[PDB]
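Form deposited in one PDB entry, single chain, as structure tokens, below.
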């Protein structure tokens, strides 16, 4: 009965969703810790955790790392993160003792700009190429190098994205993607931070609702 990643990968995206619907109905009833426990018990390959080290990143990092100590933490350095994020990554990595795995584009940001100009200023196709070089290519290489088959991420339905209907389990980039805190609201996030002695990203106090790259 254990889900077969290879078989699932052979089905159209639409059909993968139908195949996981039942599993997702049961995962939805568990809490974040139990969802992580279930994945570790029923999902394959190497387990990895990714984070953008944004405003509320401390929650997913602490929660998953507590259950799976030294789990590889994939960070995609675009070369354009806020300086506060870099120091936040350094701080959290040291505090939670994260097995950090930094991945970056094939060449430096200066090299990229020398070749293509400022891609984020070139409409939809530029932004698309930028993400491919700085986020998509590096992450795919990471999953491969780390032999990942199960990937934990800290996405939440209530964040400003097309994530309102995201399930706990899905297949993405050819691997199982697990979202333990997919249903957490801001109150639950705060309570978790308070309880475990964690903090929001430093730019929260400068009024940043979210953080990524800065130009």
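What we label the rigid core is the largest C-alpha set whose atoms superpose within 1.5 Å from one form to the other. Residue numbers count along the first chain shown, from 1.
- Taking the mean C-alpha B-factor of each stretch as recorded, 196 to 204 and 14 to 22 are not equal, and the higher mean is that of 14 to 22.
- For the pair 64 to 72 and 175 to 183, the mean Cα B-factor is higher in 64 to 72.
- The entry assigns its greatest Cα B factor, within the set 54, 154, 45, 34, to 45.
- Highest C-alpha temperature factor among 126, 83, 79, 138 per the entry: 126.
- Residue 120: CA B factor in the highest third of modelled residues in this chain (values from the PDB entry).
- In the PDB entry, residue 149 places in the middle third of its chain by CA B-factor.
- Ranked within its chain, residue 39 lands in the middle third, by CA B factor from the PDB record.
- Ranked within its chain, residue 164 lands in the highest third, by CA B factor from the PDB record.
- Per the PDB record, residue ranking by Cα B-factor puts residue 189 in the lowest third of the chain.
Just so it is clear, the following notes concern the form deposited in another entry, a form of the same protein that is not shown.
- Here residue 197 does not count as shifted, since its C-alpha moves by less than 2 Å between the shown form and the other one after the core is aligned.
- Once the rigid core is used as the reference frame, the Cα position of residue 161 differs between the shown form and the other one by 2 Å or more.
- Compared with the form shown here, the Cα atoms of residue 35 and residue 162 move at least 3 Å closer together in the other entry.
- In comparison with the shown form, the Cα-Cα distance of residue 162 and residue 33 decreases by at least 3 angstroms in the other entry.
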